[PDB]
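So this first bit is one chain, no partners, the form deposited in one PDB entry, shown in structure tokens.
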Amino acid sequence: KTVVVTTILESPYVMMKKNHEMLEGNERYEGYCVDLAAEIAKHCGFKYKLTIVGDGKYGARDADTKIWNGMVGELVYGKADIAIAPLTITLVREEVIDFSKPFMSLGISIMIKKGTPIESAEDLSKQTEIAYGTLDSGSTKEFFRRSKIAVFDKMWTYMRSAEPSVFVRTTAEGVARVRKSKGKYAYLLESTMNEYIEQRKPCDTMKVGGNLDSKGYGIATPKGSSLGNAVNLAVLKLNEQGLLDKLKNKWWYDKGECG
């Protein structure tokens, strides 16, 4: 049986190729997670189909219906066999799905438009002229909803009440908002994507400050699925052989246009 692999369009993990229109199936896509899947699949010995998660989300639970969306939902409700994406290992998710050991480390970070007088979360939290938000339906937004350390609680309180909404549907949307808001909008997102964007034309954004936390991405499977075991072992072997570090260099820095 072919493995249904759910993933999301997010750079530089999974992207459509320049010439995608003439390509078919898995060949249409390229990127870090695209290579990883091939590798995972090779060492685990399976054929698989890359499909793009329908609602374009990572996954969260509707507090009312208790229904999961995003890639989490596709796994939980049986639509997909495995998620290969920049999906953050968290407690509420681990309660309903399986994660492999982290294939990549990262932290919540701040993106600014160059020249923006912000150096920290502290800075953001003690001012009002510059708006800031996060990705909706992701681990980052949950972070602030659950974090009552002084600075963060203050920020969440501002964000959860802010108007018009500081929250965004995708990273691209968040990133475009920073770029067009003449420095009046900052964007909270994971260091991996932040660092990546900093190295792309128009080269007008930067990561300022350090990460707010430490965590990781895991390959996810439905609870107690037969693939979880081998997948997990594969990730370890891949990390140990330098392949992961190799892919990260290939997709981040070898592919960087801000010299």
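The first residue of the shown sequence is 1; numbering continues from there. Take the two forms, superpose them, and find the largest set of C-alpha atoms that agree within 1.5 Å; that set is the rigid core.
*Between 132-140 and 184-192, name whichever shows the higher mean Cα B factor according to the PDB entry.*
The stretch with the larger average C-alpha B-factor is 132-140.
*Out of 147-155 and 76-84, which stretch has the higher average CA B-factor listed in the record?*
Of 76-84 and 147-155, the stretch with the higher C-alpha B-factor average is 147-155.
*Looking at 106, 118, 178, 162, which has the biggest Cα B factor in the entry?*
By C-alpha B-factor in the record, 162 ranks first.
*asked:* For the CA B factor values reported in this entry, which option in 209, 70, 202, 31 has the top one?
replied: Largest recorded C-alpha B-factor: 209.
*Would you check the entry's CA temperature factor for residue 213 and let me know if it's in the chain's lowest, middle or highest third?*
Highest third, going by the recorded CA B-factors of the chain.
*Compare the C-alpha B factor of residue 258 with those of the other modelled residues in its chain, then answer lowest, middle or highest third.*
Highest third of the chain for residue 258's C-alpha B-factor.
*Name the third of the chain's ranked CA B-factors that contains residue 63, choosing lowest, middle or highest.*
Its C-alpha B-factor, which the entry lists for residue 63, ranks in the highest third among residues of this chain.
*asked:* For the chain shown, is the CA B-factor of residue 22 in the lowest, middle or highest third of its modelled residues?
replied: Ranked within chain, residue 22 CA B lands in the highest tercile.
_Within-chain third of residue 110 by Cα B-factor, per the entry_ = As the PDB entry reports it, the C-alpha B-factor of residue 110 lands in the lowest third of its chain.
The same protein has a further form, the form deposited in another entry, not shown here; the description that follows concerns it.
_Rigid core superposed: residue 105 CA moves 2 Å or more between the shown form and the other one_ = The answer is no; the displacement is under 2 Å.
*Any CA movement of 2 Å or more for residue 205 between the shown form and the other one, core superposed?*
It does shift by 2 Å or more.
_Cα displacement of residue 174 between the shown form and the other one reaching 2 Å, rigid core superposed_ = Result for residue 174: yes, a 2 Å-plus shift.
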